[PDB]
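For reference, data.txt (compact mmCIF, C-alpha atoms and all ligand atoms):
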# COMPACT_ATOMS: atom_id res chain seq x y z
CA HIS A 1 57.99 144.12 126.86
CA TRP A 2 59.56 147.38 128.00
CA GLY A 3 63.06 148.19 126.93
CA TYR A 4 65.09 150.94 125.34
CA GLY A 5 64.28 150.60 121.63
CA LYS A 6 62.15 152.85 119.43
CA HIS A 7 59.15 150.62 119.98
CA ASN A 8 59.33 149.92 123.72
CA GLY A 9 61.62 152.67 125.05
CA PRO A 10 61.13 155.36 127.67
CA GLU A 11 58.43 157.32 125.86
CA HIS A 12 56.27 154.17 125.77
CA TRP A 13 56.59 153.13 129.40
CA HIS A 14 53.72 155.23 130.71
CA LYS A 15 51.21 152.99 128.93
CA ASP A 16 52.06 150.06 131.26
CA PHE A 17 53.39 152.10 134.14
CA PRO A 18 51.39 155.34 134.51
CA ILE A 19 53.57 156.65 137.36
CA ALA A 20 56.03 157.34 134.52
CA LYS A 21 54.30 160.76 134.42
CA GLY A 22 54.39 161.15 138.22
CA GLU A 23 55.65 163.95 140.45
CA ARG A 24 58.90 162.36 141.67
CA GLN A 25 60.37 160.62 138.60
CA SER A 26 64.05 159.99 138.01
CA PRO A 27 66.55 160.70 136.61
CA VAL A 28 66.72 164.45 136.54
CA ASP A 29 69.07 167.13 135.39
CA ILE A 30 71.09 168.47 138.31
CA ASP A 31 71.22 172.24 137.90
CA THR A 32 74.27 172.99 140.02
CA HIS A 33 73.34 176.66 140.33
CA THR A 34 69.85 175.93 141.75
CA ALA A 35 70.96 173.11 144.08
CA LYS A 36 71.16 174.39 147.65
CA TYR A 37 73.98 173.60 150.07
CA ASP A 38 72.31 172.03 153.05
CA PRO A 39 74.66 172.47 156.04
CA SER A 40 72.37 170.11 157.98
CA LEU A 41 73.21 167.07 155.77
CA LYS A 42 75.66 164.58 157.37
CA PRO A 43 78.67 163.04 155.50
CA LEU A 44 77.63 159.87 153.88
CA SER A 45 78.70 156.68 155.62
CA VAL A 46 79.53 154.09 153.01
CA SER A 47 80.55 150.92 154.90
CA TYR A 48 81.47 148.25 152.35
CA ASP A 49 84.28 146.52 154.28
CA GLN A 50 82.23 143.35 154.77
CA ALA A 51 80.46 143.29 151.39
CA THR A 52 79.90 139.76 150.06
CA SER A 53 79.34 139.66 146.31
CA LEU A 54 77.69 136.54 144.96
CA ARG A 55 76.81 136.67 141.31
CA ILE A 56 76.72 138.75 138.14
CA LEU A 57 73.58 138.64 135.93
CA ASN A 58 72.59 139.98 132.52
CA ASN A 59 68.93 140.80 133.20
CA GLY A 60 68.14 141.83 129.63
CA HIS A 61 68.31 145.55 130.43
CA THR A 62 71.72 145.93 132.18
CA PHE A 63 74.08 143.72 134.10
CA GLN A 64 74.02 143.62 137.87
CA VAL A 65 76.36 142.39 140.54
CA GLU A 66 74.41 140.99 143.47
CA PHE A 67 75.38 140.86 147.12
CA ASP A 68 74.39 138.79 150.12
CA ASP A 69 71.95 141.05 152.00
CA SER A 70 70.84 138.44 154.58
CA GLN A 71 72.79 140.23 157.28
CA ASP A 72 74.02 143.75 157.94
CA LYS A 73 77.26 143.74 155.98
CA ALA A 74 77.59 146.46 153.34
CA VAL A 75 75.49 149.47 154.42
CA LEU A 76 74.85 153.06 153.49
CA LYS A 77 73.73 155.53 156.13
CA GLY A 78 73.96 159.16 157.12
CA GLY A 79 73.65 161.99 154.63
CA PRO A 80 69.93 162.55 154.04
CA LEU A 81 69.04 159.05 155.20
CA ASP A 82 67.25 158.05 158.38
CA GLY A 83 68.29 154.58 159.47
CA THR A 84 70.34 151.94 157.68
CA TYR A 85 70.23 150.80 154.05
CA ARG A 86 71.71 147.49 152.93
CA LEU A 87 73.55 147.02 149.62
CA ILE A 88 71.81 144.49 147.41
CA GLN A 89 73.25 145.07 143.94
CA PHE A 90 74.91 147.47 141.60
CA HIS A 91 74.41 147.94 137.85
CA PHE A 92 75.20 150.43 135.14
CA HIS A 93 73.64 152.49 132.38
CA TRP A 94 75.70 153.44 129.38
CA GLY A 95 75.69 154.80 125.85
CA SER A 96 76.46 153.76 122.30
CA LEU A 97 78.96 156.65 122.25
CA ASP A 98 81.19 158.15 124.96
CA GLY A 99 79.13 161.39 124.93
CA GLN A 100 75.97 159.81 126.29
CA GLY A 101 74.90 157.05 128.65
CA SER A 102 74.30 158.57 132.05
CA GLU A 103 70.77 158.93 133.39
CA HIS A 104 71.32 161.97 135.58
CA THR A 105 72.94 164.94 133.93
CA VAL A 106 74.87 167.82 135.44
CA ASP A 107 73.97 171.21 133.97
CA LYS A 108 72.76 169.11 130.99
CA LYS A 109 76.15 167.33 130.70
CA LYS A 110 75.87 163.63 129.84
CA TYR A 111 78.51 161.20 131.04
CA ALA A 112 79.53 157.99 129.26
CA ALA A 113 77.89 155.83 131.90
CA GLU A 114 76.34 155.81 135.36
CA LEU A 115 76.84 153.31 138.18
CA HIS A 116 73.97 152.68 140.57
CA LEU A 117 74.55 150.99 143.93
CA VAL A 118 71.13 149.99 145.19
CA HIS A 119 70.38 149.74 148.90
CA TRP A 120 67.18 148.96 150.81
CA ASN A 121 65.89 150.36 154.08
CA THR A 122 66.39 147.63 156.77
CA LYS A 123 63.24 148.93 158.65
CA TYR A 124 61.16 147.13 155.97
CA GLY A 125 62.77 143.74 156.51
CA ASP A 126 63.26 142.67 152.85
CA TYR A 127 64.18 144.30 149.52
CA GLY A 128 60.84 143.41 148.01
CA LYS A 129 58.91 145.11 150.86
CA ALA A 130 61.24 148.13 150.67
CA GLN A 131 60.52 148.50 146.90
CA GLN A 132 56.93 149.40 147.86
CA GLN A 133 57.70 152.20 150.32
CA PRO A 134 58.35 155.91 149.72
CA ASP A 135 61.73 155.72 151.57
CA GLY A 136 62.39 152.13 150.73
CA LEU A 137 65.55 152.44 148.62
CA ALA A 138 68.62 154.56 148.48
CA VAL A 139 70.57 154.53 145.26
CA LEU A 140 74.12 155.85 145.18
CA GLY A 141 74.84 157.17 141.65
CA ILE A 142 78.33 157.62 140.29
CA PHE A 143 79.16 159.08 136.90
CA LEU A 144 81.74 157.44 134.60
CA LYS A 145 83.85 159.48 132.25
CA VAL A 146 86.26 158.01 129.69
CA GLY A 147 89.93 158.58 130.47
CA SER A 148 92.25 156.47 132.63
CA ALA A 149 91.14 152.88 133.38
CA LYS A 150 89.47 152.14 136.69
CA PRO A 151 91.51 149.18 138.08
CA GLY A 152 88.65 148.20 140.43
CA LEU A 153 86.30 147.80 137.44
CA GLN A 154 88.38 145.38 135.42
CA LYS A 155 87.25 142.19 137.21
CA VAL A 156 83.71 143.14 136.22
CA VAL A 157 84.68 143.97 132.60
CA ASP A 158 86.53 140.68 132.23
CA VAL A 159 83.56 138.45 133.22
CA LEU A 160 81.07 140.14 130.82
CA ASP A 161 81.85 137.79 127.97
CA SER A 162 80.42 134.97 130.21
CA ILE A 163 77.07 136.78 130.55
CA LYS A 164 76.65 138.07 127.02
CA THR A 165 72.93 137.45 126.72
CA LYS A 166 69.75 137.97 128.71
CA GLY A 167 69.31 135.50 131.61
CA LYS A 168 72.94 134.48 131.80
CA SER A 169 74.61 134.58 135.19
CA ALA A 170 78.09 133.77 136.57
CA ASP A 171 79.57 133.32 140.02
CA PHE A 172 81.12 136.58 141.15
CA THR A 173 82.54 136.29 144.64
CA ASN A 174 84.98 138.46 146.54
CA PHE A 175 84.40 141.61 144.49
CA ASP A 176 85.06 144.75 146.55
CA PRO A 177 82.77 147.62 145.44
CA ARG A 178 84.99 150.11 147.27
CA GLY A 179 87.17 149.98 144.16
CA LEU A 180 84.40 151.72 142.13
CA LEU A 181 84.19 154.86 144.31
CA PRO A 182 85.81 158.22 143.51
CA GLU A 183 88.03 160.00 145.96
CA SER A 184 85.37 162.47 147.25
CA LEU A 185 81.93 161.61 148.73
CA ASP A 186 80.52 165.10 148.01
CA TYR A 187 77.03 164.58 146.66
CA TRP A 188 73.63 165.87 145.55
CA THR A 189 70.47 164.34 146.89
CA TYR A 190 66.78 164.48 145.94
CA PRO A 191 63.66 162.27 146.21
CA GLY A 192 62.85 160.26 143.18
CA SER A 193 62.07 156.96 141.59
CA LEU A 194 63.34 153.79 139.97
CA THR A 195 64.55 154.77 136.54
CA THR A 196 63.21 151.55 134.99
CA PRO A 197 59.72 150.04 135.19
CA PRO A 198 57.91 149.82 137.46
CA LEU A 199 59.15 153.41 138.04
CA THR A 200 58.03 153.32 141.66
CA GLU A 201 58.64 156.52 143.65
CA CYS A 202 60.63 154.75 146.39
CA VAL A 203 64.17 156.09 145.95
CA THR A 204 66.29 158.57 147.84
CA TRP A 205 68.89 159.45 145.22
CA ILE A 206 72.46 160.29 146.30
CA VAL A 207 74.54 161.33 143.25
CA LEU A 208 78.28 161.83 143.80
CA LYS A 209 79.83 165.03 142.43
CA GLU A 210 83.10 163.42 141.35
CA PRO A 211 82.95 161.04 138.42
CA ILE A 212 85.18 158.00 138.18
CA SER A 213 87.44 157.52 135.23
CA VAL A 214 87.17 154.40 133.13
CA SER A 215 89.04 153.58 129.99
CA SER A 216 87.52 153.56 126.52
CA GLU A 217 88.29 149.86 126.41
CA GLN A 218 86.35 149.22 129.61
CA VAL A 219 83.19 150.91 128.35
CA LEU A 220 83.53 149.29 124.93
CA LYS A 221 83.22 145.96 126.70
CA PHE A 222 79.91 147.01 128.23
CA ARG A 223 78.73 147.70 124.68
CA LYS A 224 79.42 144.09 123.62
CA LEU A 225 76.67 142.80 125.89
CA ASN A 226 73.34 141.89 124.34
CA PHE A 227 69.75 142.80 125.20
CA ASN A 228 68.54 139.58 123.61
CA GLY A 229 68.63 136.00 124.84
CA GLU A 230 70.97 133.37 123.36
CA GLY A 231 69.84 132.21 119.96
CA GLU A 232 67.86 135.39 119.27
CA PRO A 233 68.80 138.19 116.82
CA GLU A 234 71.74 140.10 118.26
CA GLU A 235 70.90 143.54 119.59
CA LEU A 236 73.75 145.32 121.36
CA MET A 237 73.03 146.47 124.90
CA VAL A 238 73.71 150.15 124.47
CA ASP A 239 71.76 153.32 125.38
CA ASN A 240 70.00 151.68 128.30
CA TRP A 241 69.38 155.00 130.00
CA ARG A 242 66.20 156.94 130.68
CA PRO A 243 66.43 160.69 129.86
CA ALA A 244 66.00 163.36 132.46
CA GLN A 245 62.47 163.77 133.76
CA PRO A 246 60.68 166.96 135.00
CA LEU A 247 61.90 168.12 138.41
CA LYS A 248 58.38 169.34 139.25
CA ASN A 249 58.24 170.75 142.76
CA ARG A 250 61.42 169.12 144.03
CA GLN A 251 64.63 170.61 145.42
CA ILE A 252 68.05 169.08 144.93
CA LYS A 253 70.33 169.53 147.95
CA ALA A 254 74.15 169.65 147.89
CA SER A 255 76.35 168.28 150.63
CA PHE A 256 79.07 170.78 149.78
CA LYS A 257 80.23 174.34 149.07
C1 LIG B 1 59.45 146.40 120.36
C2 LIG B 1 58.51 145.34 120.85
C3 LIG B 1 58.96 144.04 120.79
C4 LIG B 1 58.04 143.14 121.26
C5 LIG B 1 58.43 141.69 121.23
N1 LIG B 1 56.81 143.47 121.73
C6 LIG B 1 56.47 144.78 121.74
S1 LIG B 1 54.85 145.22 122.37
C7 LIG B 1 55.19 146.34 123.72
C8 LIG B 1 55.36 145.82 125.00
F1 LIG B 1 55.28 144.51 125.24
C9 LIG B 1 55.61 146.65 126.09
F2 LIG B 1 55.74 146.06 127.29
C10 LIG B 1 55.70 148.05 125.92
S2 LIG B 1 56.07 149.12 127.28
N2 LIG B 1 54.86 150.22 127.67
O1 LIG B 1 57.13 149.91 126.73
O2 LIG B 1 56.12 148.39 128.55
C11 LIG B 1 55.54 148.58 124.62
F3 LIG B 1 55.59 149.88 124.32
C12 LIG B 1 55.28 147.73 123.54
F4 LIG B 1 55.15 148.30 122.33
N3 LIG B 1 57.29 145.76 121.31
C1 LIG B 2 61.95 146.82 140.87
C2 LIG B 2 63.16 145.95 140.74
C3 LIG B 2 63.15 144.79 141.42
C4 LIG B 2 64.27 144.05 141.24
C5 LIG B 2 64.34 142.73 141.94
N1 LIG B 2 65.35 144.43 140.53
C6 LIG B 2 65.25 145.60 139.94
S1 LIG B 2 66.69 145.94 138.99
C7 LIG B 2 66.91 147.68 139.10
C8 LIG B 2 67.15 148.39 137.96
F1 LIG B 2 67.22 147.76 136.78
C9 LIG B 2 67.35 149.75 138.02
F2 LIG B 2 67.66 150.30 136.87
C10 LIG B 2 67.29 150.47 139.24
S2 LIG B 2 67.62 152.19 139.38
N2 LIG B 2 68.23 152.75 138.02
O1 LIG B 2 68.70 152.27 140.34
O2 LIG B 2 66.41 152.85 139.75
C11 LIG B 2 67.01 149.71 140.39
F3 LIG B 2 66.91 150.34 141.56
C12 LIG B 2 66.77 148.34 140.28
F4 LIG B 2 66.56 147.57 141.34
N3 LIG B 2 64.19 146.39 139.97
NA NA B 3 65.33 139.51 149.19
ZN ZN B 4 70.01 152.20 137.47
Will you turn the file into structure tokens for me?
Amino acid sequence: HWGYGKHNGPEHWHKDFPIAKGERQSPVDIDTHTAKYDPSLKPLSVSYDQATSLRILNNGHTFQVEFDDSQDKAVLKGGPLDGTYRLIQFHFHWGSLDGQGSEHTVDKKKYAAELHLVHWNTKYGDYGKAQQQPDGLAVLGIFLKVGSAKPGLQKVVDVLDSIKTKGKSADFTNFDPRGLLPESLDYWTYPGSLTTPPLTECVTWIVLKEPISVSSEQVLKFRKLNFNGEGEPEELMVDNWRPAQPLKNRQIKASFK
């Protein structure tokens, strides 16, 4: 079905998922000149001290690290958020080349990759229920640029050969996602959507200003994953990003400057 190829990529999605042409689609270009400092935003509270990772999965589109979300452990709050959002998983989007791969752009700049830490609003009880609500999810987006290796990423990079193909999973316990954060928690925020089908308009996006640095070797390893299942023709999992979508009426707010 949907994917990122010429035949089933982002410009095709609207035929199965009409909200693809909706009023709050993601990602977007972040025009840093037009974003407004909002002195009423609070600092983000990223509380990942008790995160419990469980598993890593190649889902055929990306790979995702999944967390135990059956209690309040790893939570995002503050900033533009009302209430408490629980971390359920993180995943990445990346390019076939270092000069593309991110979903959001900054003044049209593309980064090599983008990390998404997905959280759901605990007022809706479960992730699945939250995926249906306008303020159901909060996704923390972090850009990756190629430079110095990110030591906190290497445990993820090293397990990818065990999940090469669609539907493969591996145990992945005791991974600390604090090691994927940049120094600064300065951010942009705007209301948007899932960037993959079903493209539901349920996401408060929080995009950090500071990218993390990863090495060329780290991102090359992402590019060795496969979209296909085992035993099927090999198609490299690369360019699994949706381009920027129309901003429409929306305002992007800055936590800083
Ligand atoms: C490239 C390809 C491979 C296969 C196996 N089926 C298809 S048919 C198809 C499909 F199943 C889809 F789900 C989609 S979509 N709107 O992108 O979700 C599509 F465009 C399609 F063209 N296309
Ligand atoms: C709707 C749904 C349900 C489930 C269980 N996983 C997913 S995986 C996923 C995904 F692939 C994504 F790309 C995103 S994203 N880019 O953060 O909007 C997401 F939130 C996701 F949760 N999506
Ligand atoms: Na659940
Ligand atoms: Zn994503």
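Of the listed residues (A:81, A:181, A:117, A:254), A:181 comes nearest to residue A:210; the distances count all atoms listed in the file.
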Would you mind listing the residues within 10 Å of ligand LIG 2 (chain B), counting all atoms listed in the file, as a PyMOL selection string?
chain A and resi 25-27+59-64+88-93+103+114-120+127-128+130-132+137-141+192-205+240-242
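For the set A:162, A:96, A:122, A:50, the residue with the smallest atom-to-atom gap to ligand NA 3 (chain B) is A:122, counting only C-alpha atoms and all ligand atoms.
In this comparison, which uses all atoms listed in the file, the residue of A:19, A:185, A:207, A:163 approaching ligand ZN 4 (chain B) most closely is A:207.
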Show me which residues line ligand LIG 1 (chain B), defined as having an atom within 7 Å of a ligand atom where all atoms listed in the file count, and present them as a list in words.
residues 1, 2, 3, 5, 7, 8, 9, 10, 12, 13, 14, 15, 16 and 17 of chain A
Taking only C-alpha atoms and all ligand atoms into account, name the residue in A:238, A:75, A:35, A:87 that is nearest to ligand NA 3 (chain B).
A:87
Just checking: using all atoms listed in the file, which residue out of A:229, A:80, A:43, A:101 ends up closest to ligand ZN 4 (chain B)?
A:101
Name all residues at most 9 Å from stretch 146-151 of chain A (count all atoms listed in the file; drop same-chain ones fewer than 2 positions away) and give them as a short mmCIF file (atom, residue, chain, number, x, y, z; two decimals) with C-alpha atoms, in the coordinates of the input.
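As written to disk, selection-v1.cif reads:
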data_model
loop_
_atom_site.label_atom_id
_atom_site.label_comp_id
_atom_site.auth_asym_id
_atom_site.auth_seq_id
_atom_site.Cartn_x
_atom_site.Cartn_y
_atom_site.Cartn_z
CA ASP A 98 81.19 158.15 124.96
CA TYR A 111 78.51 161.20 131.04
CA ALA A 112 79.53 157.99 129.26
CA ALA A 113 77.89 155.83 131.90
CA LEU A 144 81.74 157.44 134.60
CA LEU A 153 86.30 147.80 137.44
CA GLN A 154 88.38 145.38 135.42
CA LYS A 155 87.25 142.19 137.21
CA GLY A 179 87.17 149.98 144.16
CA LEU A 180 84.40 151.72 142.13
CA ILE A 212 85.18 158.00 138.18
CA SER A 213 87.44 157.52 135.23
CA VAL A 214 87.17 154.40 133.13
CA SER A 215 89.04 153.58 129.99
CA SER A 216 87.52 153.56 126.52
CA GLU A 217 88.29 149.86 126.41
CA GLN A 218 86.35 149.22 129.61
CA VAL A 219 83.19 150.91 128.35
#
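Of the listed residues (A:44, A:208, A:20, A:244), A:44 comes nearest to residue A:85; the distances count only C-alpha atoms.
From atom CA of residue A:206 back to atom CA of residue A:37, the distance works out to 13.9 Å.
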